[PDB]
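In: need a 3D model of the following:
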Amino acid sequence: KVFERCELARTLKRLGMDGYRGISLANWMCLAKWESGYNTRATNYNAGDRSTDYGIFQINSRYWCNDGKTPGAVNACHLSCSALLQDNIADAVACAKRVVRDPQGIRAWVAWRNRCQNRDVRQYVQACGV
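Out: Numbering: from 1, shown residues only. Coordinates below:
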């Protein structure tokens with residue numbers, strides 16, 4: 001599923017993401033936007049280390065979900081990577097929350113550092129009623 005902007009903002013808000021571990025909804029939107037273009041079926045293979053990025057937040061198989069084919073990987077979210085490819089983002093949200101419970105927080109994603117950190121992210125939630 002490819003969410004429309006405001007549709008996703010309200011979906012994330014309903015799922016308890018607004019201010020989760022101090023991260024505003026606008027930051028999560030900026031993350032999903034740059035990671036996948038709000039596309040829940042997005043996948044990206046990393047030939048360098050044999051891991052794959054899954055879903056709307058492009059969560060990696062080396063540490064967060066199990067796909068059975070990533071060498072020496074772990075599954076911190078205790079989910080099959082398949083769960084991160086659903087139209088319903090509840091599981092992906094639960095895993096993204098798990099990610100930010102770690103020391104780095106929202107900085108876990110390099111894309112957030114490149115396109116969202118120290119930027120005006122208000123534009124991502126404007127007119128969405130969130």
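
In: contacting residues for the most centrally placed residue in the chain?
Out: In the chain, the centroid-proximal residue (C-alpha atoms, centre = their mean) is residue 57; its distance is 2.3 Å. The neighbours of residue 57, taking C-beta atoms under 8 Å, 6 or more residues apart in numbering as the test, are 31-32, 35-36, 84, 92, 95-96, 99, 109. From N, CA and C alone the C-beta is placed, and that goes for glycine too.

In: that one is in what secondary structure piece?
Out: Assessed by DSSP states H and E, residue 57 sits outside every helix and strand.

In: again with residue 33
Out: Element membership for residue 33, per DSSP H and E: helix 25-36.

In: ok, which stretches of this protein are strands?
Out: Remark: strands assigned in the chain by DSSP state E are 43-46, 51-54, 59-60.

In: now do the second one: distance to the chain's middle.
Out: Its chain's C-alpha centre and that of strand 51-54 lie 12 Å apart, by C-alpha atoms, centre = their mean, to the nearest Å.

In: outside of that strand itself, list whatever touches it.
Out: 35, 42-46, 59-62, 65, 67, 70, 73, 81, 84-85.

In: and what of the last one?
Out: When contacts are defined by C-beta under 8 Å, 6+ apart, strand 59-60 is touched by residues 46, 51-54, 65, 77, 81, 84, 92, 95-96, 99.

In: mind doing that once more with 7 Å?
Out: Residues from elsewhere that reach strand 59-60 (C-beta atoms under 7 Å, 6 or more residues apart in numbering): 51, 53, 65, 84, 95-96, 99.

In: most neighbours of all these, which one?
Out: Scoring the contacts of strand 59-60 on neighbours with other C-beta atoms under 10 Å, the highest-scoring entry is residue 84 at 30 neighbours.

In: returning to that earlier point: now the residue nearest to the centre of the chain. Nearest residue, chain neighbours left out?
Out: In space, residue 57 comes closest to residue 96 once its chain neighbours are excluded; the distance is 4.9 Å by C-beta to C-beta, 6 or more residues apart in numbering.
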